[PDB]
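Next up: a single chain in structure tokens, the form deposited without the partner chain.
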């Protein structure tokens, strides 16, 4: 049993501005989720109008350096309990359902911003 018809998860990035919702019901597997979110998330920071200040080419490029440079940080989400868990920590079946809030931990907040 699970969303498979109605799922909602928010998405934010510590530091740089990020706000969007998604449906995991679309992806019953963490694999497609990761791909769907990976592609969908990139779309968010991509548009004709947006971080014209350079946050589009500034915060975005810092992410790669920040991730490896700050390889101490890894993606983690909040379950129905509200506890933070690093991606892959809890079973996908439990995650897809409890899936309430998702936020990728990025140490770039110091470099990207």
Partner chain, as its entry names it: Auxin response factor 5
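Residue numbers count along the first chain shown, from 1.
What comes next is about the form deposited with the partner chain bound, which does not appear here.
**Prompt:** Do residue 95 and the partner chain come within 4.5 Å of each other in the entry with it bound, heavy atoms counted?
**Reply:** Answer no; every heavy atom of residue 95 is more than 4.5 Å from the partner chain in the entry with it bound.
**Message:** If we define contact as a non-hydrogen atom of the residue within 4.5 angstroms of the partner, is residue 17 a contact of the partner chain in the entry with it bound?
**Reply:** Contact with the partner chain, yes.
**Message:** Considering non-hydrogen atoms and a 4.5 Å limit, does the partner chain approach residue 25 in the entry with it bound?
**Reply:** Residue-level check for residue 25: no, no contact with the partner chain.
**Message:** Under a 4.5 Å heavy atom criterion, is residue 84 part of the interface with the partner chain in the entry with it bound?
**Reply:** No, residue 84 stays farther than 4.5 Å from the partner chain in the entry with it bound.
**Request:** Could you list the residues in 24-41 that come within 4.5 Å of the partner chain in the entry with it bound, counting only heavy atoms and keeping sequence order?
**Result:** Residues within 4.5 Å: none.
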